[PDB]
Amino acid sequence: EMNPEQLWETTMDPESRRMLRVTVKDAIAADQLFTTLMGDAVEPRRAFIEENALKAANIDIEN
DNA sequence: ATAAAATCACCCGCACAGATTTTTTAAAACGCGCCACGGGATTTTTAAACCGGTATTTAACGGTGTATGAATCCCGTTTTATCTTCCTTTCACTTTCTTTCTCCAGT
């Protein structure tokens with residue numbers, strides 16, 4: 001849906017683009033997270049979705 | 001360049017039918033041993049053949065009235081003879097990669 005010049009000047013020009021470089025911090029945690037999210041089991045994924053999304057959003061700090 | 005008509009891959013949960021894969025179990029087998037059973041040589045007893053005779057019990061024979069066996073006509077069942085096929089295989093050809101041989105401009 002974008003014109004080529006817009007795409008160039010917004011994403012592909014090395015002088016005016018911003019990107020992210022992917023790095024790995026801890027190997028143990030990453031494997032567990034990948035297994036939980038992309039694995040065949042359903043219950044751990046549902047529990048993880050419920051904990052982070054349904055909860056942990058009603059922040060009771062107000063500061 | 002305008003019209004007419006078509007086709008396929010993946011993501012997300014859940015329930016179930018079907019296809020491997022271990023795991024357990026009952027049957028078959030092997031080695032060793034002993035005593036239950038059958039062979040051989042005497043005693044004993046009884047099953048059946050044999051004479052009677054008598055008293056029944058069966059089968060062959062002569063009428064009636066059916067039930068069935070061989071023949072005919074079909075249609076689903078299984079065999080056998082008869083076509084096409086995909087993987088194995090090499091193999092001559094082609095292509096593509098690697099090393100070598102010069103040219104050759106520059107100093």
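Atom set for the values below is all heavy atoms of this structure, side chains included, hydrogens, waters and symmetry mates excluded. The sequence lines fix the lettering, A, B, ..., with proteins before strands; numbering per chain opens at 1.
Pairing each heavy atom of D13(A) with each of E9(A), the nearest pair is CB-CA, 4.5 Å.
Between the side chain of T10(A) and the backbone N or O of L7(A), at least one donor-acceptor pair lies under 3.5 Å.
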Protein-nucleotides 14-18 of chain B N/O pairs closer than 3.5 Å?
none

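Both conditions, centre separation below 5.5 angstrom and plane angle below 30 degrees, hold for the six-membered rings of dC30(B) and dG31(B).
Put simply, CD1 on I49(A) and OG1 on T36(A) are 11.0 Å apart, with the number rounded to the nearest 0.5 Å. Once rounded to the nearest 0.5 Å, the distance linking CD of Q32(A) with CG of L37(A) reads 12.0 Å.
Going by the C1'-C2'-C3'-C4' torsion, the sugar of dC73(B) sits on the south side, since that angle is negative. Sugar conformation at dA70(B) is south: the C1'-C2'-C3'-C4' dihedral has a negative sign, consistent with the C2'-endo side. North puckering is assigned to the sugar ring of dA4(B), since its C1'-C2'-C3'-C4' angle is above zero. When the pucker is read from the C1'-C2'-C3'-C4' torsion, the sugar belonging to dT90(B) turns out south, on the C2'-endo side. A positive value of the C1'-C2'-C3'-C4' torsion places the sugar of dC12(B) in the northern pucker family.
For residues 40-63 of chain A, the set of pairs meeting the salt bridge (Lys or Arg N to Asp or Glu O under 4.0 Å) definition, not counting sequence neighbours, comprises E43(A)-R46(A), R46(A)-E50(A).
One interatomic measurement links the two molecules: CE of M38(A) to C1' of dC10(B), which rounds to 13 Å at whole-angstrom precision. Atom-to-atom, CG of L37(A) to P of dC11(B) comes out at 16 Å; the value is rounded to the nearest Å.
At the heavy-atom level, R45(A) lies under 4.0 Å from the strands shown only through sugar-phosphate atoms.
There is a path of hydrophobic side-chain contacts, each under 4.5 Å, that joins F48(A) to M38(A).
For the strand DNA chain B, secondary-structure stems (runs of at least three Watson-Crick or G-U pairs, all distances below 3.5 Å) are absent.
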